[PDB]
>>> print(open('coords17.pdb').read())   # PDB, N, CA and C atoms
ATOM      1  N   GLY A  62     106.670 114.532 155.310
ATOM      2  CA  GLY A  62     105.534 115.270 154.790
ATOM      3  C   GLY A  62     104.734 114.470 153.781
ATOM      4  N   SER A  63     103.964 115.168 152.952
ATOM      5  CA  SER A  63     103.143 114.514 151.939
ATOM      6  C   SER A  63     103.914 114.358 150.632
ATOM      7  N   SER A  64     103.422 113.482 149.763
ATOM      8  CA  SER A  64     104.065 113.235 148.477
ATOM      9  C   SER A  64     103.269 113.867 147.340
ATOM     10  N   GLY A  65     103.504 115.155 147.106
ATOM     11  CA  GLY A  65     102.801 115.857 146.047
ATOM     12  C   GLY A  65     103.189 117.320 145.966
ATOM     13  N   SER A  66     102.396 118.101 145.239
ATOM     14  CA  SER A  66     102.663 119.525 145.078
ATOM     15  C   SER A  66     101.373 120.295 144.816
ATOM     16  N   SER A  67     101.425 121.609 145.010
ATOM     17  CA  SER A  67     100.259 122.460 144.798
ATOM     18  C   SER A  67     100.042 122.724 143.312
ATOM     19  N   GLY A  68     101.115 123.098 142.621
ATOM     20  CA  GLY A  68     101.023 123.375 141.200
ATOM     21  C   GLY A  68     100.228 122.323 140.453
ATOM     22  N   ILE A  69      99.519 122.746 139.412
ATOM     23  CA  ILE A  69      98.712 121.831 138.615
ATOM     24  C   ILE A  69      98.928 122.065 137.124
ATOM     25  N   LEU A  70      98.507 121.101 136.312
ATOM     26  CA  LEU A  70      98.651 121.202 134.864
ATOM     27  C   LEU A  70      97.399 120.698 134.155
ATOM     28  N   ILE A  71      96.805 121.557 133.333
ATOM     29  CA  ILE A  71      95.602 121.198 132.592
ATOM     30  C   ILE A  71      95.888 121.087 131.099
ATOM     31  N   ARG A  72      95.557 119.937 130.522
ATOM     32  CA  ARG A  72      95.777 119.704 129.099
ATOM     33  C   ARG A  72      94.450 119.575 128.358
ATOM     34  N   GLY A  73      94.336 120.275 127.233
ATOM     35  CA  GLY A  73      93.116 120.225 126.449
ATOM     36  C   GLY A  73      92.136 121.317 126.832
ATOM     37  N   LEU A  74      92.400 122.535 126.370
ATOM     38  CA  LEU A  74      91.535 123.670 126.669
ATOM     39  C   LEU A  74      90.774 124.119 125.424
ATOM     40  N   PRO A  75      89.592 124.713 125.635
ATOM     41  CA  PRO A  75      88.744 125.202 124.543
ATOM     42  C   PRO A  75      89.343 126.419 123.846
ATOM     43  N   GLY A  76      88.852 126.708 122.644
ATOM     44  CA  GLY A  76      89.350 127.846 121.894
ATOM     45  C   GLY A  76      88.957 129.170 122.518
ATOM     46  N   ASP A  77      88.039 129.120 123.477
ATOM     47  CA  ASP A  77      87.576 130.326 124.155
ATOM     48  C   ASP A  77      88.006 130.323 125.619
ATOM     49  N   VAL A  78      89.017 129.519 125.933
ATOM     50  CA  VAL A  78      89.523 129.425 127.297
ATOM     51  C   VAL A  78      90.184 130.729 127.729
ATOM     52  N   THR A  79      89.578 131.397 128.706
ATOM     53  CA  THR A  79      90.108 132.659 129.211
ATOM     54  C   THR A  79      90.438 132.560 130.696
ATOM     55  N   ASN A  80      91.213 133.521 131.190
ATOM     56  CA  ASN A  80      91.602 133.543 132.595
ATOM     57  C   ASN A  80      90.375 133.476 133.500
ATOM     58  N   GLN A  81      89.290 134.106 133.062
ATOM     59  CA  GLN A  81      88.051 134.120 133.833
ATOM     60  C   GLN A  81      87.506 132.706 134.011
ATOM     61  N   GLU A  82      87.708 131.868 132.999
ATOM     62  CA  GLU A  82      87.236 130.489 133.044
ATOM     63  C   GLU A  82      87.940 129.708 134.150
ATOM     64  N   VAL A  83      89.259 129.857 134.224
ATOM     65  CA  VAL A  83      90.051 129.168 135.235
ATOM     66  C   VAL A  83      89.780 129.732 136.625
ATOM     67  N   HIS A  84      89.627 131.050 136.703
ATOM     68  CA  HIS A  84      89.362 131.715 137.974
ATOM     69  C   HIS A  84      88.042 131.237 138.572
ATOM     70  N   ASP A  85      87.010 131.170 137.739
ATOM     71  CA  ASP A  85      85.694 130.728 138.186
ATOM     72  C   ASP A  85      85.725 129.259 138.595
ATOM     73  N   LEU A  86      86.483 128.458 137.855
ATOM     74  CA  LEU A  86      86.597 127.032 138.140
ATOM     75  C   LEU A  86      87.183 126.800 139.529
ATOM     76  N   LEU A  87      88.198 127.584 139.875
ATOM     77  CA  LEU A  87      88.846 127.466 141.178
ATOM     78  C   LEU A  87      88.511 128.662 142.063
ATOM     79  N   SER A  88      87.287 129.164 141.933
ATOM     80  CA  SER A  88      86.841 130.307 142.721
ATOM     81  C   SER A  88      86.408 129.870 144.116
ATOM     82  N   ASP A  89      86.771 128.648 144.486
ATOM     83  CA  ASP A  89      86.421 128.109 145.796
ATOM     84  C   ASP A  89      87.651 128.021 146.693
ATOM     85  N   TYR A  90      88.825 127.949 146.075
ATOM     86  CA  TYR A  90      90.076 127.858 146.818
ATOM     87  C   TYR A  90      90.876 129.151 146.699
ATOM     88  N   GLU A  91      92.013 129.201 147.385
ATOM     89  CA  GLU A  91      92.871 130.381 147.357
ATOM     90  C   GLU A  91      93.799 130.350 146.145
ATOM     91  N   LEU A  92      93.537 131.230 145.186
ATOM     92  CA  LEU A  92      94.349 131.305 143.975
ATOM     93  C   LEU A  92      95.532 132.246 144.170
ATOM     94  N   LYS A  93      96.669 131.685 144.567
ATOM     95  CA  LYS A  93      97.876 132.473 144.787
ATOM     96  C   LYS A  93      98.472 132.937 143.461
ATOM     97  N   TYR A  94      98.440 132.059 142.464
ATOM     98  CA  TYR A  94      98.977 132.378 141.147
ATOM     99  C   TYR A  94      98.109 131.780 140.045
ATOM    100  N   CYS A  95      97.798 132.591 139.040
ATOM    101  CA  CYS A  95      96.974 132.143 137.923
ATOM    102  C   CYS A  95      97.700 132.345 136.596
ATOM    103  N   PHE A  96      97.754 131.290 135.790
ATOM    104  CA  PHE A  96      98.420 131.350 134.495
ATOM    105  C   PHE A  96      97.608 130.620 133.429
ATOM    106  N   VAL A  97      97.444 131.260 132.276
ATOM    107  CA  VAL A  97      96.689 130.672 131.176
ATOM    108  C   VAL A  97      97.436 130.820 129.856
ATOM    109  N   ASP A  98      97.792 129.690 129.255
ATOM    110  CA  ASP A  98      98.511 129.693 127.985
ATOM    111  C   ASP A  98      97.680 129.033 126.889
ATOM    112  N   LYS A  99      97.009 129.853 126.087
ATOM    113  CA  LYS A  99      96.178 129.350 125.000
ATOM    114  C   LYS A  99      97.034 128.709 123.911
ATOM    115  N   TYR A 100      98.158 129.346 123.599
ATOM    116  CA  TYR A 100      99.063 128.838 122.574
ATOM    117  C   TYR A 100      99.163 127.317 122.641
ATOM    118  N   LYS A 101      99.752 126.816 123.722
ATOM    119  CA  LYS A 101      99.910 125.379 123.910
ATOM    120  C   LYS A 101      98.563 124.712 124.165
ATOM    121  N   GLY A 102      97.708 125.386 124.928
ATOM    122  CA  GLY A 102      96.396 124.843 125.232
ATOM    123  C   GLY A 102      96.326 124.243 126.622
ATOM    124  N   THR A 103      97.044 124.847 127.564
ATOM    125  CA  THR A 103      97.062 124.365 128.938
ATOM    126  C   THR A 103      96.961 125.519 129.928
ATOM    127  N   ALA A 104      96.739 125.188 131.196
ATOM    128  CA  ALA A 104      96.626 126.199 132.240
ATOM    129  C   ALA A 104      97.345 125.759 133.511
ATOM    130  N   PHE A 105      98.194 126.634 134.039
ATOM    131  CA  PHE A 105      98.945 126.334 135.253
ATOM    132  C   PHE A 105      98.484 127.215 136.410
ATOM    133  N   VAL A 106      98.085 126.581 137.507
ATOM    134  CA  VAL A 106      97.621 127.306 138.684
ATOM    135  C   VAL A 106      98.308 126.801 139.948
ATOM    136  N   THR A 107      98.749 127.732 140.788
ATOM    137  CA  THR A 107      99.425 127.382 142.031
ATOM    138  C   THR A 107      98.565 127.730 143.241
ATOM    139  N   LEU A 108      98.155 126.708 143.984
ATOM    140  CA  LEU A 108      97.328 126.906 145.168
ATOM    141  C   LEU A 108      98.192 127.156 146.400
ATOM    142  N   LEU A 109      97.543 127.337 147.545
ATOM    143  CA  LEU A 109      98.253 127.581 148.796
ATOM    144  C   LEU A 109      98.885 126.297 149.323
ATOM    145  N   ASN A 110      98.044 125.355 149.738
ATOM    146  CA  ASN A 110      98.520 124.081 150.263
ATOM    147  C   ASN A 110      98.315 122.963 149.246
ATOM    148  N   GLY A 111      98.620 121.735 149.654
ATOM    149  CA  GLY A 111      98.462 120.597 148.767
ATOM    150  C   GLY A 111      97.056 120.032 148.794
ATOM    151  N   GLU A 112      96.366 120.217 149.915
ATOM    152  CA  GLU A 112      95.004 119.718 150.064
ATOM    153  C   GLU A 112      94.090 120.300 148.989
ATOM    154  N   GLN A 113      94.187 121.610 148.785
ATOM    155  CA  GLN A 113      93.369 122.290 147.788
ATOM    156  C   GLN A 113      93.744 121.840 146.380
ATOM    157  N   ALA A 114      95.025 121.556 146.175
ATOM    158  CA  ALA A 114      95.511 121.114 144.874
ATOM    159  C   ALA A 114      94.973 119.729 144.528
ATOM    160  N   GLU A 115      94.992 118.830 145.507
ATOM    161  CA  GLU A 115      94.507 117.471 145.304
ATOM    162  C   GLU A 115      93.017 117.468 144.972
ATOM    163  N   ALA A 116      92.249 118.255 145.720
ATOM    164  CA  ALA A 116      90.810 118.345 145.504
ATOM    165  C   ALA A 116      90.496 118.861 144.104
ATOM    166  N   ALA A 117      91.215 119.897 143.685
ATOM    167  CA  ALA A 117      91.014 120.485 142.367
ATOM    168  C   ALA A 117      91.394 119.502 141.264
ATOM    169  N   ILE A 118      92.526 118.830 141.443
ATOM    170  CA  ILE A 118      93.000 117.860 140.463
ATOM    171  C   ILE A 118      92.088 116.640 140.410
ATOM    172  N   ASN A 119      91.631 116.199 141.578
ATOM    173  CA  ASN A 119      90.748 115.041 141.665
ATOM    174  C   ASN A 119      89.471 115.268 140.860
ATOM    175  N   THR A 120      88.890 116.454 141.006
ATOM    176  CA  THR A 120      87.664 116.796 140.294
ATOM    177  C   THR A 120      87.956 117.161 138.843
ATOM    178  N   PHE A 121      88.934 118.039 138.643
ATOM    179  CA  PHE A 121      89.311 118.472 137.303
ATOM    180  C   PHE A 121      89.812 117.294 136.472
ATOM    181  N   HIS A 122      90.419 116.320 137.143
ATOM    182  CA  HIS A 122      90.944 115.138 136.468
ATOM    183  C   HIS A 122      89.810 114.269 135.934
ATOM    184  N   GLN A 123      90.114 113.468 134.917
ATOM    185  CA  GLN A 123      89.119 112.588 134.315
ATOM    186  C   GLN A 123      87.806 113.329 134.084
ATOM    187  N   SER A 124      87.904 114.627 133.816
ATOM    188  CA  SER A 124      86.723 115.450 133.579
ATOM    189  C   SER A 124      86.484 115.640 132.085
ATOM    190  N   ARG A 125      85.372 116.283 131.747
ATOM    191  CA  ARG A 125      85.024 116.529 130.352
ATOM    192  C   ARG A 125      84.447 117.930 130.174
ATOM    193  N   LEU A 126      84.687 118.520 129.009
ATOM    194  CA  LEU A 126      84.191 119.859 128.712
ATOM    195  C   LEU A 126      83.825 119.990 127.237
ATOM    196  N   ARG A 127      82.542 120.219 126.970
ATOM    197  CA  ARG A 127      82.062 120.366 125.600
ATOM    198  C   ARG A 127      82.315 119.094 124.797
ATOM    199  N   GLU A 128      81.961 117.952 125.379
ATOM    200  CA  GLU A 128      82.151 116.667 124.717
ATOM    201  C   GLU A 128      83.622 116.440 124.381
ATOM    202  N   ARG A 129      84.476 116.533 125.396
ATOM    203  CA  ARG A 129      85.909 116.340 125.209
ATOM    204  C   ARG A 129      86.561 115.831 126.492
ATOM    205  N   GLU A 130      87.647 115.081 126.340
ATOM    206  CA  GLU A 130      88.363 114.533 127.487
ATOM    207  C   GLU A 130      89.438 115.500 127.970
ATOM    208  N   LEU A 131      89.422 115.795 129.266
ATOM    209  CA  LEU A 131      90.395 116.707 129.856
ATOM    210  C   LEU A 131      91.414 115.946 130.698
ATOM    211  N   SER A 132      92.691 116.260 130.501
ATOM    212  CA  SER A 132      93.763 115.605 131.242
ATOM    213  C   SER A 132      94.388 116.562 132.252
ATOM    214  N   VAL A 133      94.466 116.123 133.504
ATOM    215  CA  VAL A 133      95.043 116.938 134.566
ATOM    216  C   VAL A 133      95.970 116.112 135.451
ATOM    217  N   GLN A 134      97.096 116.705 135.834
ATOM    218  CA  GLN A 134      98.067 116.022 136.682
ATOM    219  C   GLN A 134      98.921 117.027 137.448
ATOM    220  N   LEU A 135      99.565 116.558 138.512
ATOM    221  CA  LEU A 135     100.416 117.416 139.330
ATOM    222  C   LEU A 135     101.567 117.985 138.508
ATOM    223  N   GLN A 136     101.930 119.233 138.791
ATOM    224  CA  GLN A 136     103.017 119.892 138.078
ATOM    225  C   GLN A 136     104.313 119.096 138.206
ATOM    226  N   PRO A 137     105.066 119.009 137.100
ATOM    227  CA  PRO A 137     106.337 118.280 137.064
ATOM    228  C   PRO A 137     107.428 118.977 137.871
ATOM    229  N   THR A 138     108.604 118.360 137.922
ATOM    230  CA  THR A 138     109.730 118.921 138.661
ATOM    231  C   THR A 138     110.393 120.047 137.878
ATOM    232  N   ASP A 139     109.819 121.242 137.967
ATOM    233  CA  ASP A 139     110.357 122.403 137.268
ATOM    234  C   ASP A 139     110.194 122.253 135.759
ATOM    235  N   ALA A 140     109.127 121.575 135.349
ATOM    236  CA  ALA A 140     108.856 121.361 133.933
ATOM    237  C   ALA A 140     110.129 120.997 133.178
ATOM    238  N   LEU A 141     110.877 120.042 133.717
ATOM    239  CA  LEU A 141     112.121 119.600 133.095
ATOM    240  C   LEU A 141     112.001 118.165 132.595
ATOM    241  N   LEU A 142     112.010 117.999 131.278
ATOM    242  CA  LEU A 142     111.904 116.676 130.671
ATOM    243  C   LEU A 142     113.238 115.939 130.738
ATOM    244  N   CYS A 143     113.277 114.869 131.524
ATOM    245  CA  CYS A 143     114.492 114.075 131.675
ATOM    246  C   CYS A 143     114.203 112.594 131.456
ATOM    247  N   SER A 144     115.223 111.853 131.033
ATOM    248  CA  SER A 144     115.078 110.425 130.780
ATOM    249  C   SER A 144     116.075 109.623 131.610
ATOM    250  N   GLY A 145     115.558 108.704 132.420
ATOM    251  CA  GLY A 145     116.416 107.883 133.255
ATOM    252  C   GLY A 145     115.629 106.979 134.183
ATOM    253  N   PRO A 146     116.345 106.151 134.958
ATOM    254  CA  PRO A 146     115.727 105.219 135.905
ATOM    255  C   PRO A 146     115.089 105.934 137.091
ATOM    256  N   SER A 147     114.092 105.295 137.695
ATOM    257  CA  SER A 147     113.396 105.873 138.838
ATOM    258  C   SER A 147     114.164 105.612 140.130
ATOM    259  N   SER A 148     114.428 104.339 140.408
ATOM    260  CA  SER A 148     115.152 103.953 141.613
ATOM    261  C   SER A 148     115.837 102.603 141.428
ATOM    262  N   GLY A 149     116.678 102.235 142.390
ATOM    263  CA  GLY A 149     117.384 100.969 142.314
ATOM    264  C   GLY A 149     118.161 100.814 141.022
TER
END
>>> encode(input="coords17.pdb", output="structure tokens")
Amino acid sequence: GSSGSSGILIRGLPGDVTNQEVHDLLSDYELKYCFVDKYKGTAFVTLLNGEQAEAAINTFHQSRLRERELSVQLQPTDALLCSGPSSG
């Protein structure tokens, strides 16, 4: 199969970041799950397939909002921080 995932991660959100903001941003694809966490300042969204996720991340990535740099990347492996070798 492909090497990726649908889940996404957005870092660096505005003080007025609301669910409506994320919904409108991805109002072109199928939003199976919508999550917005102002506390930390990030937003997690789960799309249907990986194609829609890549397109959203590609555009959302290296993007800017209100004179600010936005960081976006594919969701981690169960949001589990681990330290170790990759391979070999």
>>> resolve_selection(input="coords17.pdb", expression="the PyMOL selection byres ((chain A and resi 136-144) around 7)", output="JSON, numbers by chain")
{"A": [66, 67, 68, 69, 70, 134, 135, 145, 146]}
>>> atom_distance(input="coords17.pdb", atom1="atom N of residue A:75", atom2="atom CA of residue A:132")
11.5 Å
>>> resolve_selection(input="coords17.pdb", expression="the PyMOL selection byres (((chain A and resi 99-113 and name CA) around 7) and name CA)", output="list in words")
residues 65, 66, 67, 68, 69, 70, 71, 72, 73, 74, 90, 91, 92, 93, 94, 95, 96, 97, 98, 114, 115, 116 and 117 of chain A
>>> atom_distance(input="coords17.pdb", atom1="atom N of residue A:87", atom2="atom C of residue A:124")
14.4 Å
>>> select_by_dssp(input="coords17.pdb", residues="chain A", states="strand (DSSP E or B)", output="list in words")
residues 69, 70, 71, 72, 94, 95, 96, 97, 98, 103, 104, 105, 106, 107, 124, 125, 130, 131, 132, 133, 134 and 135 of chain A
>>> axis_aligned_box(input="coords17.pdb", around="stretch 138-143 of chain A", padding_each_side="6 Å", output="AutoDock Vina command-line options")
--center_x 111.5 --center_y 117.5 --center_z 134.7 --size_x 17.9 --size_y 21.8 --size_z 20.0
>>> closest_residue(input="coords17.pdb", among="A:147, A:118, A:78, A:83", to="residue A:133", atoms="only C-alpha atoms")
A:118
>>> atom_distance(input="coords17.pdb", atom1="atom CA of residue A:64", atom2="atom CA of residue A:122")
17.9 Å
>>> select_by_dssp(input="coords17.pdb", residues="chain A", states="alpha helix (DSSP H)", output="compact mmCIF listing (two decimals) with N, CA and C atoms, in the frame of the given file")
# COMPACT_ATOMS: atom_id res chain seq x y z
N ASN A 80 91.21 133.52 131.19
CA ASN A 80 91.60 133.54 132.60
C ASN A 80 90.38 133.48 133.50
N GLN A 81 89.29 134.11 133.06
CA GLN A 81 88.05 134.12 133.83
C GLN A 81 87.51 132.71 134.01
N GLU A 82 87.71 131.87 133.00
CA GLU A 82 87.24 130.49 133.04
C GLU A 82 87.94 129.71 134.15
N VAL A 83 89.26 129.86 134.22
CA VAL A 83 90.05 129.17 135.24
C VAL A 83 89.78 129.73 136.62
N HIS A 84 89.63 131.05 136.70
CA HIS A 84 89.36 131.72 137.97
C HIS A 84 88.04 131.24 138.57
N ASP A 85 87.01 131.17 137.74
CA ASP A 85 85.69 130.73 138.19
C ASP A 85 85.72 129.26 138.60
N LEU A 86 86.48 128.46 137.85
CA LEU A 86 86.60 127.03 138.14
C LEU A 86 87.18 126.80 139.53
N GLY A 111 98.62 121.74 149.65
CA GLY A 111 98.46 120.60 148.77
C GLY A 111 97.06 120.03 148.79
N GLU A 112 96.37 120.22 149.92
CA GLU A 112 95.00 119.72 150.06
C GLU A 112 94.09 120.30 148.99
N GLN A 113 94.19 121.61 148.78
CA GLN A 113 93.37 122.29 147.79
C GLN A 113 93.74 121.84 146.38
N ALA A 114 95.02 121.56 146.18
CA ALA A 114 95.51 121.11 144.87
C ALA A 114 94.97 119.73 144.53
N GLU A 115 94.99 118.83 145.51
CA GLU A 115 94.51 117.47 145.30
C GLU A 115 93.02 117.47 144.97
N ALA A 116 92.25 118.26 145.72
CA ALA A 116 90.81 118.34 145.50
C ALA A 116 90.50 118.86 144.10
N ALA A 117 91.22 119.90 143.68
CA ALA A 117 91.01 120.48 142.37
C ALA A 117 91.39 119.50 141.26
N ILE A 118 92.53 118.83 141.44
CA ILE A 118 93.00 117.86 140.46
C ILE A 118 92.09 116.64 140.41
N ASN A 119 91.63 116.20 141.58
CA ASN A 119 90.75 115.04 141.66
C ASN A 119 89.47 115.27 140.86
N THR A 120 88.89 116.45 141.01
CA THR A 120 87.66 116.80 140.29
C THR A 120 87.96 117.16 138.84
N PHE A 121 88.93 118.04 138.64
CA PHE A 121 89.31 118.47 137.30
C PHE A 121 89.81 117.29 136.47
>>> closest_residue(input="coords17.pdb", among="A:148, A:86, A:80, A:63", to="residue A:121", atoms="only C-alpha atoms")
A:86
